[PDB]
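Structure record follows, encoded as structure tokens.
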There are 2 protein chains.
Amino acid sequence: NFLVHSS
Amino acid sequence: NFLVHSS
């Protein structure tokens, strides 16, 4: 499993 | 901002 968030 | 989670 992989999660990325960028803002 | 930056967030990563791998499992």
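We name chains A, B, ... following the order of the structure tokens; residues begin at 1 in each chain, and ligands are numbered from 1 as shown.
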Name the residues in contact with residue 3 in chain A at a cut-off of 10 Å, using only C-alpha atoms, excluding same-chain residues fewer than 4 positions from it; report them as a PyMOL selection string.
chain B and resi 3-7
May I have all residues of chain B that DSSP, computed from the backbone, assigns to strand (DSSP E), given as a ChimeraX atom specification?
/B:2-6
